[PDB]
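Asks: Provided hereafter are the protein sequence and its experimental coordinates.
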Amino acid sequence: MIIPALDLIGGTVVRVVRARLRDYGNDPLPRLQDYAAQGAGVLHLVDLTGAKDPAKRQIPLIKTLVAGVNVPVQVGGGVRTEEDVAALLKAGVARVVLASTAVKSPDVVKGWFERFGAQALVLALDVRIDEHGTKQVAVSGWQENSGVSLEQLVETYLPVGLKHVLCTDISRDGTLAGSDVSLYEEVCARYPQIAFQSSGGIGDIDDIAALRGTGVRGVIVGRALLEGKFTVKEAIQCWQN
């Protein structure tokens, strides 16, 4: 499926561009609602306010947004503790997106899988392809690699039933550059029991077409939709054909 995505900061719709941020206004709910109206089955939100300060997690806004659409929303941003996870689920989010903590504290996160179930969690892994061609996990675009490959980390979580992995190619994140097809083709084939989501690099409908035969289950689209390159409807039509 197509997974429309919005980045929120103090209720302001934004997205990382390449790394800067641009303001797409302050009415996230009508946006999401129109995404859903066009047939989206899943939505993605990053709470950048919550990411910077867990105590400032935009729980009331998140509640509103979730309540305001009829589809599961996966929500990330500053998910550092078991309490963060529970708070977001309690607010009504369908899945909690675990990013840096998934790399940082795998044993702790495996316990979260045990408590919340694999359907409640998405592991968001940023990947750099190094000089050797290894898919290196990094916790962000501005930090060095963390010393673990995508495969090794995925393998870490398979024993607790890992089902959802969001994989961002760091080089293409928010660049409109076209996503990295080979990366997704390899991982998806290796772990067919996992539903991979691709993120970054979607600039036009052709980028979505490029992902079709790869095994990638979901395609995060943020920037392209905000900039009017194509619609959710067109993205879905392309994705499904």
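Replies: That came through fine. Numbering: from 1, shown residues only.
Asks: where do the strands sit along this structure?
Replies: Here the chain has its strands, by DSSP state E, at 2-9, 12-17, 20-23, 43-47, 73-76, 95-98, 121-129, 135-138, 145-149, 164-169, 195-199, 218-221.
Asks: and these as a markdown table, adding mean neighbour count and distance to residue 241?
Replies: Bear in mind the C-beta positions are built from the backbone N, C-alpha and C, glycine included. Compiled in a markdown table, the strands of the chain are given as follows (neighbours: other C-beta atoms under 10 Å; distance: least, C-beta to C-beta, whole Å):
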| stretch | mean neighbour count | distance to residue 241 |
| --- | --- | --- |
| strand 2-9 | 24 | 12 |
| strand 12-17 | 19 | 26 |
| strand 20-23 | 12 | 31 |
| strand 43-47 | 25 | 22 |
| strand 73-76 | 25 | 25 |
| strand 95-98 | 23 | 27 |
| strand 121-129 | 24 | 26 |
| strand 135-138 | 21 | 29 |
| strand 145-149 | 16 | 34 |
| strand 164-169 | 23 | 24 |
| strand 195-199 | 25 | 18 |
| strand 218-221 | 25 | 14 |
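Asks: the ones you listed: which one's closest to residue 61?
Replies: Shortest distance between residue 61 and those, using C-beta to C-beta, is found for strand 2-9: 6.8 Å.
Asks: residue 192 against residue 215, yeah?
Replies: Yes. Between residue 192 and residue 215 there is a contact under C-beta atoms under 8 Å: 7.1 Å.
Asks: the more surrounded of the two?
Replies: residue 215 (18 against 9; other C-beta atoms under 10 Å).
Asks: which residue is the nearest non-sequential neighbour of that one?
Replies: residue 188 (2.8 Å; C-beta to C-beta, 6 or more residues apart in numbering).
Asks: tell me how many other residues crowd that neighbour.
Replies: Neighbours around residue 188, by other C-beta under 10 Å: 19.
Asks: likewise residue 118?
Replies: Residue 118, neighbours per other C-beta under 10 Å, totals 18.
Asks: for it, which residues are in contact?
Replies: 160-164 (C-beta atoms under 8 Å, 6 or more residues apart in numbering).
Asks: quickly note the distance from it to residue 96.
Replies: Residue 118 is 11 Å from residue 96, where distance means C-beta to C-beta, to the nearest Å.
Asks: check residue 145 too.
Replies: For residue 145 relative to residue 96 (C-beta to C-beta), the value is 25 Å.
Asks: now the helices for this protein?
Replies: Assigned helices in the chain, in chain order: 28-37, 48-52, 59-68, 82-90, 100-104, 106-116, 150-157, 181-190, 205-209, 223-226, 232-240 (criterion: DSSP state H).
Asks: now the longest one - C-alpha only, PDB.
Replies: The C-alpha coordinates for helix 106-116 follow below in PDB (Å, rounded to 0.1, in the frame of the first residue of the first chain):
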ATOM      1  CA  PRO A 106      17.300  -4.000  21.300                       C
ATOM      2  CA  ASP A 107      16.800  -6.200  24.400                       C
ATOM      3  CA  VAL A 108      14.500  -3.600  25.900                       C
ATOM      4  CA  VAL A 109      12.600  -3.200  22.700                       C
ATOM      5  CA  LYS A 110      12.200  -7.000  22.300                       C
ATOM      6  CA  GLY A 111      10.400  -6.800  25.700                       C
ATOM      7  CA  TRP A 112       8.100  -4.200  24.100                       C
ATOM      8  CA  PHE A 113       7.300  -6.700  21.400                       C
ATOM      9  CA  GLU A 114       6.400  -9.200  24.100                       C
ATOM     10  CA  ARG A 115       4.200  -6.700  25.900                       C
ATOM     11  CA  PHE A 116       2.500  -4.900  23.000                       C
END
